[PDB]
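Below is one structure, written out as C-alpha cells; comments come after it.
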Amino acid sequence: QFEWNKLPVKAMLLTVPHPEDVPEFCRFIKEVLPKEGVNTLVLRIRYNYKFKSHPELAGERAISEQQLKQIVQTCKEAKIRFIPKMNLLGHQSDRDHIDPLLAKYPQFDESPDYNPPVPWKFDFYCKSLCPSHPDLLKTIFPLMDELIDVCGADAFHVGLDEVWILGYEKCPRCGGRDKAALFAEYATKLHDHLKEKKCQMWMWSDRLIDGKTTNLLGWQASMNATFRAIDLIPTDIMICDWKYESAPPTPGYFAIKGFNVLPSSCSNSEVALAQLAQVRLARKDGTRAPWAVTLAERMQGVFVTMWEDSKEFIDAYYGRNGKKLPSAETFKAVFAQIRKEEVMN
C-alpha cells in the first residue's frame, strides 16, 4: 500500500501579492494551480502584512486580514493546504533596504557596525536577527501566531536560509559560541513554539550541509560551520533542500538523518526533472522490502519555488505580452511530468 508513485506533497512557493493583485492572484490559486497539480502553497509573506500585534512591522506594500484570508479561502476552496512563510533569522535586509523589524528595533541586529554597502555591490549580503536577544521571541511569536490564525495553518515555514552573520564576533551575546549550536538552538525555539500551535515547521536546507567537504558552496550550503546543527534539531521539521543548479545527493542525506525532505527547485528546469526522477527513483525503493519504506516514506515530494513578483509571474505562465520567465516555465514540464508519471498506471 506504499503509494510511492503518488507524490503526497507537491508544493509551489509564491510571494504574497501586492494589495492591488490579490483577486487575479486568487484566481490562479483557483485556476492554473489545482489543474497543474499544486496542492500545497507557501506564501512568502515576510513583514508585508498589516499585523494587529505590531502595526509598525507592516512592510511597505503590505496586505490586510481581508486580503490574506481571502487568499487562504481560495486555497481551501481548492483543497490546497496553505503554508505561511516568513524569513526569521537572516535575510533581514534586502540590498540596501532594511526589512521592517531591524529598522524600528535596530537592537535585534547581530552586526550593528557591519551594514550593507551604499551603494550596493564572501561579501556582505543580508542582516540577520540576533537569535539570543531577550526581546525578540516576545516580538516575533506574535507576527507568526497572527498568520497561523488568520490562515488556520498546520505548518509554518520559517525561512532559515543563507545565514551569513551568525556568531558575529562583536555581538555581546552570540559573539564566540558554536555557530552550529546557536543555529540549532534558535531552530528548536521556532520548532518548540510552532508545535504548541500544532504546526509542522518547514525550513530551507543550506545551513545544514557542508559546502566545504561537499564544495556545494556558501549559498546552497554552509561556508561558516553551521552544518553540525543537523543532529541537534528535531527530526519532524520539514526540510526544504533547494538546488537551482544541479541534481545532487542531498535529499537522501536528510532522509538518512531522520527527516522528510522536499527537493526545492527554481527557474532552470533541466535540473527539475533530474530531481523529479530522483524522488520517484527513491520512493520506488520502498517496495524492495518493508524496512526500507522508512527511507522511501520520507521523500515526501517536491517544491517548486519562484522569487520575483507573483503578478509579473502570473502574466507569464499564461503568455501575456510575449512574457517569458524560466521559473514560470519550470513550473511546466515539472508539474507536467508529475501528471504523466502517474497517468500510465
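Within each chain, counting starts at residue 1; across the C-alpha cells, chains are named A, B, ... in the order shown, with ligands numbered 1 upward in that order.
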
- prompt: Could you pull the residues within 10 Å of residue 216 of chain A, counting only C-alpha atoms, minus those fewer than 3 positions along the same chain, as a list in words?
  reply: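 After dropping sequence-adjacent residues, the list is residues 206, 209, 210, 211, 212, 213, 219, 220, 221, 222, 223, 243, 245, 246 and 248 of chain A.
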
task: Give me the residues within 7 Å of segment 180-194 of chain A as a PyMOL selection string, counting only C-alpha atoms and dropping any in the same chain fewer than 3 places off.
output: chain A and resi 131+197-199+201+225-229+232-233

- prompt: Nearest to residue 140 of chain A: which of A:122, A:202, A:291, A:51 is it, counting only C-alpha atoms?
  reply: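 Closest to residue 140 of chain A of all the choices is A:51.
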
task: Write down as a ChimeraX atom specification the residues belonging to segment 132-318 of chain A that are assigned alpha helix (DSSP H) by DSSP computed on the backbone.
output: /A:137-147,181-196,250-257,270-285,293-297,310-317

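Shortest atom-to-atom contact with residue 62 of chain A among A:19, A:176, A:159, A:258: A:19, counting only C-alpha atoms.
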
- request: Within 10 Å of segment 296-301 of chain A, counting only C-alpha atoms, which residues show up once you throw out same-chain ones fewer than 2 positions away? Write them as a ChimeraX atom specification, please.
  value: /A:2-4,6-11,238-239,251-252,254-256,258-264,276,278-287,291-294,303

Selection from above, N, CA and C atoms, as a CSV table (one decimal), in the first residue's frame, can you write it?
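The resulting selection_2.csv:
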chain,number,residue,atom,x,y,z
A,2,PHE,N,2.2,1.1,-0.1
A,2,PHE,CA,3.0,2.3,-0.1
A,2,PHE,C,3.0,2.9,-1.5
A,3,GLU,N,2.1,3.9,-1.6
A,3,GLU,CA,1.9,4.6,-2.9
A,3,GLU,C,3.1,5.5,-3.1
A,4,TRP,N,4.2,4.9,-3.6
A,4,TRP,CA,5.4,5.6,-3.9
A,4,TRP,C,5.1,6.5,-5.1
A,6,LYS,N,2.5,8.0,-5.9
A,6,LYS,CA,1.6,9.1,-5.6
A,6,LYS,C,2.4,10.1,-4.7
A,7,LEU,N,2.9,11.2,-5.3
A,7,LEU,CA,3.7,12.2,-4.6
A,7,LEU,C,2.7,13.0,-3.6
A,8,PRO,N,3.0,12.8,-2.3
A,8,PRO,CA,2.0,13.3,-1.3
A,8,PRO,C,2.0,14.8,-1.2
A,9,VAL,N,3.2,15.4,-1.2
A,9,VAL,CA,3.3,16.8,-1.4
A,9,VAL,C,3.7,17.1,-2.8
A,10,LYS,N,3.2,18.3,-3.3
A,10,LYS,CA,3.7,18.9,-4.5
A,10,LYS,C,3.5,20.4,-4.3
A,11,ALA,N,4.6,21.1,-3.7
A,11,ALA,CA,4.4,22.4,-3.2
A,11,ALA,C,4.9,23.4,-4.3
A,238,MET,N,10.1,19.9,8.5
A,238,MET,CA,10.1,19.6,7.0
A,238,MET,C,11.2,20.4,6.3
A,239,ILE,N,11.9,19.8,5.4
A,239,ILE,CA,13.3,20.2,5.1
A,239,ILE,C,13.3,20.6,3.6
A,251,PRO,N,19.0,15.3,-1.0
A,251,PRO,CA,17.8,14.7,-0.5
A,251,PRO,C,17.9,13.5,0.4
A,252,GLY,N,18.6,12.4,-0.1
A,252,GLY,CA,18.8,11.2,0.7
A,252,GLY,C,19.4,11.5,2.0
A,254,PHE,N,19.2,13.9,4.1
A,254,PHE,CA,18.3,14.3,5.1
A,254,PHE,C,17.4,13.1,5.5
A,255,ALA,N,17.0,12.4,4.4
A,255,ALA,CA,16.2,11.1,4.7
A,255,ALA,C,17.0,10.4,5.8
A,256,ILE,N,18.2,10.0,5.4
A,256,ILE,CA,19.0,9.1,6.3
A,256,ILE,C,19.1,9.6,7.7
A,258,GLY,N,16.7,11.6,9.5
A,258,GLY,CA,15.5,11.3,10.3
A,258,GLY,C,14.4,12.2,9.8
A,259,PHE,N,14.5,12.8,8.6
A,259,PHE,CA,13.7,13.9,8.2
A,259,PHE,C,13.0,13.6,6.9
A,260,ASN,N,11.8,14.2,6.7
A,260,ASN,CA,11.1,14.3,5.5
A,260,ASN,C,11.7,15.5,4.8
A,261,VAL,N,11.9,15.4,3.5
A,261,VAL,CA,12.6,16.4,2.7
A,261,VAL,C,12.0,16.5,1.4
A,262,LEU,N,11.9,17.8,1.0
A,262,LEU,CA,11.4,18.2,-0.4
A,262,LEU,C,12.5,18.8,-1.2
A,263,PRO,N,13.1,18.2,-2.2
A,263,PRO,CA,13.9,19.0,-3.2
A,263,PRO,C,13.1,20.2,-3.6
A,264,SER,N,13.8,21.4,-3.4
A,264,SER,CA,13.2,22.7,-3.8
A,264,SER,C,13.9,23.2,-5.0
A,276,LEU,N,13.1,15.3,-10.2
A,276,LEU,CA,11.8,14.6,-10.2
A,276,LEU,C,12.1,13.1,-10.4
A,278,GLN,N,14.4,11.6,-9.3
A,278,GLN,CA,15.2,11.2,-8.1
A,278,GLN,C,14.3,10.8,-6.9
A,279,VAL,N,13.2,11.5,-6.7
A,279,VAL,CA,12.2,11.2,-5.7
A,279,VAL,C,11.4,9.9,-6.1
A,280,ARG,N,11.1,9.9,-7.4
A,280,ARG,CA,10.4,8.8,-8.0
A,280,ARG,C,11.3,7.5,-8.0
A,281,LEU,N,12.6,7.7,-8.3
A,281,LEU,CA,13.5,6.7,-8.2
A,281,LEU,C,13.5,6.1,-6.8
A,282,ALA,N,13.6,7.1,-5.8
A,282,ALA,CA,13.9,6.7,-4.4
A,282,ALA,C,12.6,6.2,-3.7
A,283,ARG,N,11.5,6.8,-4.0
A,283,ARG,CA,10.2,6.3,-3.4
A,283,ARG,C,10.0,4.8,-3.9
A,284,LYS,N,10.4,4.5,-5.1
A,284,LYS,CA,10.3,3.1,-5.6
A,284,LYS,C,10.9,2.2,-4.5
A,285,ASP,N,12.1,2.5,-4.1
A,285,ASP,CA,12.9,1.7,-3.3
A,285,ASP,C,12.1,1.0,-2.2
A,286,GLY,N,11.3,1.9,-1.5
A,286,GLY,CA,10.4,1.5,-0.5
A,286,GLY,C,9.6,0.2,-0.8
A,287,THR,N,9.6,-0.2,-2.1
A,287,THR,CA,9.0,-1.5,-2.5
A,287,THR,C,9.9,-2.7,-2.2
A,291,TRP,N,11.3,-2.7,5.3
A,291,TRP,CA,12.1,-2.0,6.3
A,291,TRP,C,12.6,-0.7,5.6
A,292,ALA,N,12.7,-0.7,4.3
A,292,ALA,CA,13.2,0.4,3.5
A,292,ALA,C,12.0,1.3,3.0
A,293,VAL,N,10.9,1.2,3.7
A,293,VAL,CA,9.8,2.2,3.5
A,293,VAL,C,10.1,3.4,4.2
A,294,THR,N,10.7,3.3,5.4
A,294,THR,CA,11.1,4.5,6.1
A,294,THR,C,11.8,5.4,5.1
A,303,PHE,N,9.1,20.7,-4.4
A,303,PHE,CA,8.7,22.0,-4.0
A,303,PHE,C,9.2,23.0,-5.1

- prompt: DSSP on the backbone: what in segment 15-171 of chain A comes out strand (DSSP E), as a PyMOL selection string?
  reply: chain A and resi 15+40-44+81-85+155-157

Kindly export the residues of the current selection with N, CA, C and O atoms, as a PDB file, in the first residue's frame.
ATOM      1  N   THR A  15       5.381  34.471  -3.665  1.00  0.00           N
ATOM      2  CA  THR A  15       5.386  35.624  -2.806  1.00  0.00           C
ATOM      3  C   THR A  15       3.953  36.105  -2.584  1.00  0.00           C
ATOM      4  O   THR A  15       3.085  35.894  -3.438  1.00  0.00           O
ATOM      5  N   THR A  40      -0.267  22.529  -2.380  1.00  0.00           N
ATOM      6  CA  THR A  40       0.495  22.958  -1.225  1.00  0.00           C
ATOM      7  C   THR A  40       1.161  24.264  -1.623  1.00  0.00           C
ATOM      8  O   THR A  40       2.108  24.266  -2.405  1.00  0.00           O
ATOM      9  N   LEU A  41       0.594  25.370  -1.133  1.00  0.00           N
ATOM     10  CA  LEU A  41       1.062  26.706  -1.446  1.00  0.00           C
ATOM     11  C   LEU A  41       1.730  27.389  -0.248  1.00  0.00           C
ATOM     12  O   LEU A  41       1.071  27.659   0.758  1.00  0.00           O
ATOM     13  N   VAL A  42       3.009  27.766  -0.436  1.00  0.00           N
ATOM     14  CA  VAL A  42       3.803  28.515   0.520  1.00  0.00           C
ATOM     15  C   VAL A  42       3.842  29.987   0.130  1.00  0.00           C
ATOM     16  O   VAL A  42       4.489  30.366  -0.852  1.00  0.00           O
ATOM     17  N   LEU A  43       3.208  30.851   0.936  1.00  0.00           N
ATOM     18  CA  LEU A  43       3.189  32.262   0.582  1.00  0.00           C
ATOM     19  C   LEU A  43       4.313  32.963   1.332  1.00  0.00           C
ATOM     20  O   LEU A  43       4.349  32.949   2.557  1.00  0.00           O
ATOM     21  N   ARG A  44       5.229  33.574   0.567  1.00  0.00           N
ATOM     22  CA  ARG A  44       6.394  34.224   1.121  1.00  0.00           C
ATOM     23  C   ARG A  44       5.968  35.611   1.582  1.00  0.00           C
ATOM     24  O   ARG A  44       6.018  36.563   0.806  1.00  0.00           O
ATOM     25  N   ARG A  81      -3.758  22.955   0.749  1.00  0.00           N
ATOM     26  CA  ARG A  81      -3.176  23.283   2.041  1.00  0.00           C
ATOM     27  C   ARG A  81      -2.195  24.432   1.873  1.00  0.00           C
ATOM     28  O   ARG A  81      -1.284  24.362   1.063  1.00  0.00           O
ATOM     29  N   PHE A  82      -2.378  25.459   2.696  1.00  0.00           N
ATOM     30  CA  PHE A  82      -1.663  26.716   2.588  1.00  0.00           C
ATOM     31  C   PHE A  82      -0.622  26.798   3.716  1.00  0.00           C
ATOM     32  O   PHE A  82      -0.890  26.403   4.851  1.00  0.00           O
ATOM     33  N   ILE A  83       0.566  27.334   3.390  1.00  0.00           N
ATOM     34  CA  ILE A  83       1.658  27.500   4.342  1.00  0.00           C
ATOM     35  C   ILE A  83       2.174  28.934   4.355  1.00  0.00           C
ATOM     36  O   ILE A  83       2.654  29.419   3.351  1.00  0.00           O
ATOM     37  N   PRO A  84       2.023  29.691   5.456  1.00  0.00           N
ATOM     38  CA  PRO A  84       2.732  30.945   5.596  1.00  0.00           C
ATOM     39  C   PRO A  84       4.209  30.703   5.837  1.00  0.00           C
ATOM     40  O   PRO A  84       4.659  29.672   6.346  1.00  0.00           O
ATOM     41  N   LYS A  85       4.954  31.663   5.337  1.00  0.00           N
ATOM     42  CA  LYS A  85       6.379  31.617   5.389  1.00  0.00           C
ATOM     43  C   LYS A  85       6.827  33.007   5.775  1.00  0.00           C
ATOM     44  O   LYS A  85       6.483  34.007   5.140  1.00  0.00           O
ATOM     45  N   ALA A 155       1.120  24.307   9.330  1.00  0.00           N
ATOM     46  CA  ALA A 155       2.552  24.368   9.133  1.00  0.00           C
ATOM     47  C   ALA A 155       2.973  25.789   8.796  1.00  0.00           C
ATOM     48  O   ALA A 155       2.183  26.555   8.262  1.00  0.00           O
ATOM     49  N   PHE A 156       4.236  26.114   9.100  1.00  0.00           N
ATOM     50  CA  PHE A 156       4.722  27.488   9.055  1.00  0.00           C
ATOM     51  C   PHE A 156       6.196  27.420   8.683  1.00  0.00           C
ATOM     52  O   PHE A 156       6.958  26.747   9.345  1.00  0.00           O
ATOM     53  N   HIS A 157       6.590  28.060   7.572  1.00  0.00           N
ATOM     54  CA  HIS A 157       7.936  27.904   7.047  1.00  0.00           C
ATOM     55  C   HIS A 157       8.721  29.136   7.459  1.00  0.00           C
ATOM     56  O   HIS A 157       8.361  30.253   7.149  1.00  0.00           O
TER      57      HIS A 157
END

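Considering only C-alpha atoms, the residue among A:75, A:274, A:316, A:151 positioned nearest to residue 302 of chain A is A:274.
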
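With only C-alpha atoms as the atoms that count, the residue of A:58, A:78, A:166, A:295 with the shortest distance to residue 30 of chain A is A:78.
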
Find the residues near segment 21-28 of chain A: any atom within 9 Å, counting only C-alpha atoms, skip ones fewer than 4 places away on the same chain, and give them as a JSON list (two decimals) with C-alpha atoms, in the first residue's frame.
[["chain", "number", "residue", "atom", "x", "y", "z"],
["A", 16, "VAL", "CA", 2.48, 37.47, -1.20],
["A", 17, "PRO", "CA", 0.95, 39.68, -3.94],
["A", 32, "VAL", "CA", -3.85, 27.27, -13.02],
["A", 33, "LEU", "CA", -2.88, 25.64, -9.75],
["A", 34, "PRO", "CA", -5.15, 22.65, -8.94],
["A", 67, "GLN", "CA", -6.84, 40.07, 1.68],
["A", 68, "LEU", "CA", -4.87, 37.27, 3.28],
["A", 70, "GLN", "CA", -9.43, 35.82, 1.01],
["A", 71, "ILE", "CA", -6.22, 34.28, -0.42],
["A", 72, "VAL", "CA", -6.48, 31.41, 2.02],
["A", 74, "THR", "CA", -9.47, 30.40, -2.24],
["A", 75, "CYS", "CA", -6.81, 27.80, -1.40],
["A", 310, "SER", "CA", 3.60, 36.71, -8.37],
["A", 311, "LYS", "CA", 1.96, 39.16, -10.86],
["A", 314, "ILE", "CA", 1.31, 35.04, -13.43]]
